[PDB]
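**Student:** Have a peek at query34.tsv (TSV, N, CA and C atoms).
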```
chain	number	residue	atom	x	y	z
P	1	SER	N	193.10	167.01	181.76
P	1	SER	CA	192.78	168.04	180.74
P	1	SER	C	193.39	167.64	179.40
P	2	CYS	N	192.55	167.45	178.39
P	2	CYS	CA	193.04	167.00	177.09
P	2	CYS	C	192.23	167.61	175.95
P	3	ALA	N	191.77	168.84	176.14
P	3	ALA	CA	191.04	169.56	175.10
P	3	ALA	C	192.01	170.09	174.05
P	4	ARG	N	192.75	169.18	173.45
P	4	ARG	CA	193.80	169.52	172.51
P	4	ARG	C	193.35	169.20	171.09
P	5	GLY	N	194.19	169.55	170.12
P	5	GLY	CA	193.92	169.24	168.74
P	5	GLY	C	193.82	167.74	168.50
P	6	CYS	N	192.61	167.26	168.28
P	6	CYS	CA	192.38	165.84	168.15
P	6	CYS	C	192.07	165.46	166.71
P	7	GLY	N	192.47	164.26	166.34
P	7	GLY	CA	192.10	163.71	165.05
P	7	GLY	C	191.08	162.61	165.23
P	8	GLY	N	190.83	162.28	166.49
P	8	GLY	CA	189.87	161.26	166.83
P	8	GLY	C	189.90	160.96	168.31
P	9	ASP	N	189.16	159.94	168.71
P	9	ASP	CA	189.08	159.54	170.12
P	9	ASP	C	190.46	159.14	170.65
P	10	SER	N	191.33	158.70	169.75
P	10	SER	CA	192.66	158.24	170.12
P	10	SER	C	193.54	159.41	170.58
P	11	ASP	N	193.05	160.63	170.40
P	11	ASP	CA	193.75	161.82	170.87
P	11	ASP	C	193.14	162.31	172.17
P	12	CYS	N	192.07	161.67	172.58
P	12	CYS	CA	191.40	162.01	173.83
P	12	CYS	C	191.62	160.91	174.87
P	13	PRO	N	192.66	161.05	175.71
P	13	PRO	CA	192.99	160.06	176.73
P	13	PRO	C	192.10	160.19	177.96
P	14	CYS	N	191.19	161.15	177.92
P	14	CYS	CA	190.27	161.37	179.02
P	14	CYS	C	189.00	160.56	178.81
P	15	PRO	N	188.65	159.69	179.77
P	15	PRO	CA	187.49	158.82	179.65
P	15	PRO	C	186.18	159.59	179.67
P	16	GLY	N	185.46	159.55	178.56
P	16	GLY	CA	184.20	160.24	178.46
P	16	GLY	C	184.24	161.38	177.47
P	17	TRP	N	185.42	161.65	176.94
P	17	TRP	CA	185.60	162.72	175.97
P	17	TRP	C	185.40	162.24	174.54
P	18	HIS	N	185.22	163.19	173.64
P	18	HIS	CA	184.98	162.90	172.24
P	18	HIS	C	185.68	163.94	171.36
P	19	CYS	N	186.08	163.53	170.18
P	19	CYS	CA	186.64	164.47	169.21
P	19	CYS	C	185.56	164.86	168.21
P	20	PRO	N	185.14	166.13	168.22
P	20	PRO	CA	184.04	166.62	167.37
P	20	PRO	C	184.38	166.60	165.89
P	21	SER	N	185.61	166.98	165.57
P	21	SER	CA	186.07	167.05	164.19
P	21	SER	C	187.58	166.91	164.14
P	22	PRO	N	188.11	166.02	163.29
P	22	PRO	CA	189.55	165.83	163.12
P	22	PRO	C	190.27	167.13	162.77
P	23	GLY	N	190.94	167.71	163.76
P	23	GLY	CA	191.59	168.99	163.57
P	23	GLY	C	191.19	169.98	164.64
P	24	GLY	N	190.04	169.73	165.25
P	24	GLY	CA	189.55	170.60	166.31
P	24	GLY	C	190.05	170.17	167.67
P	25	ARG	N	189.45	170.70	168.72
P	25	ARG	CA	189.86	170.36	170.07
P	25	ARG	C	188.88	169.37	170.68
P	26	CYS	N	189.40	168.47	171.50
P	26	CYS	CA	188.59	167.44	172.13
P	26	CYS	C	187.58	168.06	173.09
P	27	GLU	N	186.41	167.43	173.19
P	27	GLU	CA	185.34	167.91	174.05
P	27	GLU	C	184.86	166.78	174.95
P	28	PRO	N	184.41	167.08	176.17
P	28	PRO	CA	183.83	166.07	177.06
P	28	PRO	C	182.48	165.57	176.55
```
Could the structure of this file be written out as structure tokens, please?
**Tutor:**
Amino acid sequence: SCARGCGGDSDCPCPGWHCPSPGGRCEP
């Protein structure tokens, strides 16, 4: 589970996830 405040893919350690917008939460 890594739906956290992401600034990019580098904040998503979950394989297959994406960061929609720098500042938002990561999405699968």
**Student:** I want to know what sits within 6 Å of region 5-13 of chain P, based on only C-alpha atoms, with residues of the same chain fewer than 6 positions away left out; could you give that as a count of residues only?
**Tutor:** 6
**Student:** To one decimal place, how far is atom N of residue 21 (chain P) from atom N of residue 1 (chain P) in Å?
**Tutor:**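 Atom-to-atom, atom N of residue 21 (chain P) and atom N of residue 1 (chain P) are spaced 17.8 Å apart.
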**Student:** Just the number, please: distance in Å from CA of residue 14 (chain P) to CA of residue 2 (chain P), one decimal.
**Tutor:** 6.6 Å
**Student:** I need the strand (DSSP E or B) residues of chain P per DSSP on the backbone, written as a list in words.
**Tutor:**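 Checking each residue of chain P, the strand (DSSP E or B) ones are residues 5, 18, 25 and 27 of chain P.
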**Student:** Any idea what's packed within 7 Å of residue 28 (chain P), counting all atoms listed in the file, ignoring anything in its chain fewer than 2 positions away? Could you give it as number ranges by chain?
**Tutor:** P: 16-18, 26
**Student:** Place N, CA, C and O atoms on region 10-27 of chain P and deliver the coordinates as a JSON list (two decimals), in the coordinates of the input.
**Tutor:**
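To be explicit, this is the file written out as result-v9.json:
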```json
[["chain", "number", "residue", "atom", "x", "y", "z"],
["P", 10, "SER", "N", 191.33, 158.70, 169.75],
["P", 10, "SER", "CA", 192.66, 158.24, 170.12],
["P", 10, "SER", "C", 193.54, 159.41, 170.58],
["P", 10, "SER", "O", 194.64, 159.21, 171.09],
["P", 11, "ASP", "N", 193.05, 160.63, 170.40],
["P", 11, "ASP", "CA", 193.75, 161.82, 170.87],
["P", 11, "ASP", "C", 193.14, 162.31, 172.17],
["P", 11, "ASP", "O", 193.63, 163.27, 172.77],
["P", 12, "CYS", "N", 192.07, 161.67, 172.58],
["P", 12, "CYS", "CA", 191.40, 162.01, 173.83],
["P", 12, "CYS", "C", 191.62, 160.91, 174.87],
["P", 12, "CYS", "O", 190.88, 159.94, 174.92],
["P", 13, "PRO", "N", 192.66, 161.05, 175.71],
["P", 13, "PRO", "CA", 192.99, 160.06, 176.73],
["P", 13, "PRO", "C", 192.10, 160.19, 177.96],
["P", 13, "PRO", "O", 192.24, 159.44, 178.93],
["P", 14, "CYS", "N", 191.19, 161.15, 177.92],
["P", 14, "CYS", "CA", 190.27, 161.37, 179.02],
["P", 14, "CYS", "C", 189.00, 160.56, 178.81],
["P", 14, "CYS", "O", 188.33, 160.70, 177.78],
["P", 15, "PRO", "N", 188.65, 159.69, 179.77],
["P", 15, "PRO", "CA", 187.49, 158.82, 179.65],
["P", 15, "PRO", "C", 186.18, 159.59, 179.67],
["P", 15, "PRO", "O", 185.84, 160.24, 180.66],
["P", 16, "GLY", "N", 185.46, 159.55, 178.56],
["P", 16, "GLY", "CA", 184.20, 160.24, 178.46],
["P", 16, "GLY", "C", 184.24, 161.38, 177.47],
["P", 16, "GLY", "O", 183.22, 162.01, 177.20],
["P", 17, "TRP", "N", 185.42, 161.65, 176.94],
["P", 17, "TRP", "CA", 185.60, 162.72, 175.97],
["P", 17, "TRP", "C", 185.40, 162.24, 174.54],
["P", 17, "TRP", "O", 185.40, 161.04, 174.27],
["P", 18, "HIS", "N", 185.22, 163.19, 173.64],
["P", 18, "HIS", "CA", 184.98, 162.90, 172.24],
["P", 18, "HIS", "C", 185.68, 163.94, 171.36],
["P", 18, "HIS", "O", 185.84, 165.09, 171.76],
["P", 19, "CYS", "N", 186.08, 163.53, 170.18],
["P", 19, "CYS", "CA", 186.64, 164.47, 169.21],
["P", 19, "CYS", "C", 185.56, 164.86, 168.21],
["P", 19, "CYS", "O", 185.08, 164.02, 167.44],
["P", 20, "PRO", "N", 185.14, 166.13, 168.22],
["P", 20, "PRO", "CA", 184.04, 166.62, 167.37],
["P", 20, "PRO", "C", 184.38, 166.60, 165.89],
["P", 20, "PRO", "O", 183.55, 166.26, 165.05],
["P", 21, "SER", "N", 185.61, 166.98, 165.57],
["P", 21, "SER", "CA", 186.07, 167.05, 164.19],
["P", 21, "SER", "C", 187.58, 166.91, 164.14],
["P", 21, "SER", "O", 188.28, 167.60, 164.89],
["P", 22, "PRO", "N", 188.11, 166.02, 163.29],
["P", 22, "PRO", "CA", 189.55, 165.83, 163.12],
["P", 22, "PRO", "C", 190.27, 167.13, 162.77],
["P", 22, "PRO", "O", 190.20, 167.61, 161.64],
["P", 23, "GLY", "N", 190.94, 167.71, 163.76],
["P", 23, "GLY", "CA", 191.59, 168.99, 163.57],
["P", 23, "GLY", "C", 191.19, 169.98, 164.64],
["P", 23, "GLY", "O", 191.91, 170.95, 164.92],
["P", 24, "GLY", "N", 190.04, 169.73, 165.25],
["P", 24, "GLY", "CA", 189.55, 170.60, 166.31],
["P", 24, "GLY", "C", 190.05, 170.17, 167.67],
["P", 24, "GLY", "O", 190.97, 169.36, 167.76],
["P", 25, "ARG", "N", 189.45, 170.70, 168.72],
["P", 25, "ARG", "CA", 189.86, 170.36, 170.07],
["P", 25, "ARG", "C", 188.88, 169.37, 170.68],
["P", 25, "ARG", "O", 187.68, 169.42, 170.40],
["P", 26, "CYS", "N", 189.40, 168.47, 171.50],
["P", 26, "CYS", "CA", 188.59, 167.44, 172.13],
["P", 26, "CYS", "C", 187.58, 168.06, 173.09],
["P", 26, "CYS", "O", 187.85, 169.08, 173.72],
["P", 27, "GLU", "N", 186.41, 167.43, 173.19],
["P", 27, "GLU", "CA", 185.34, 167.91, 174.05],
["P", 27, "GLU", "C", 184.86, 166.78, 174.95],
["P", 27, "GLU", "O", 184.90, 165.63, 174.54]]
```
